[PDB]
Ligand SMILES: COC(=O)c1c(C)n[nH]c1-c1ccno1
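Below you will find one chain, with nothing else, as structure tokens; this is the form deposited without the named molecule, and questions on how it binds or moves follow later.
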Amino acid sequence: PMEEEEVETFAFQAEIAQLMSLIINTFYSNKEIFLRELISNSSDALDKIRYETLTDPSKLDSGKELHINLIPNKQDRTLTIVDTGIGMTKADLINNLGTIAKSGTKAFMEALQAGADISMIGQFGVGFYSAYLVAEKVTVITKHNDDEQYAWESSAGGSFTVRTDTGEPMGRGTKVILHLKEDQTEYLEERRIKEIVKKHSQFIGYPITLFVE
């Protein structure tokens, strides 16, 4: 019958767009750290739902398992990071992922100019953008107990779109889908992924499972 679907296109905050251009158009050596950042974000989100459930157990109606799943897809060339954390509401997505200024962006771009390793990105509260070190496009599927499921997305270039997600329902949590650049396919390999996790994300307070096709 043909369905209609609303979309809204936003502009990244000025310094955030510059950061993205920087990340994307400059060569960096320690790119493997992008995974550490996404996993850290998931651990934070899982902590939030866990603590919230202490006072309100019905918050787990949407799922009780608290875990992280890594899903490499060699056909698609996508690396998906899924967590059953607190998730993001529409407002969270828009405010947290692009629209509101971050206080560490400036100091961080300054540091990279001077030669800092991108691994430093964590400290500055702008770690999510490290995803652009290996990905040309990033999709964020998210579901929060207080809102419907939403899909965030951008190939950078200064804007990102947000829409209600009519795709496969998640229950609760966040799914980061990385559409990897052609020269970054090593991150689809199970040996490589396990190497990075062992090296940088060993002390995660929740189980991580790697699903290999």
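When you see a residue number, it is the position in the sequence shown, counting from 1.
Omitted here: the form solved in complex with the named molecule. The next part is about that form.
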ask   = Overlaying the pocket C-alphas and bringing the named molecule over as found in the bound PDB entry, would you call this site open, or blocked by 3+ ligand atoms sitting within 2.4 Å of backbone or C-beta?
value = blocked
ask   = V140 near the named molecule in the bound PDB entry, any heavy atom under 4.5 Å?
value = yes
ask   = Taking heavy atoms and a 4.5 Å cut-off, does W152 contact the named molecule in the bound PDB entry?
value = yes
inquiry  = When the contact criterion is heavy atoms within 4.5 Å, does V134 count as touching the named molecule in the bound PDB entry?
reply    = no
query = Going by a heavy atom distance of 4.5 Å, is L79 a contact of the named molecule in the bound PDB entry?
reply = no
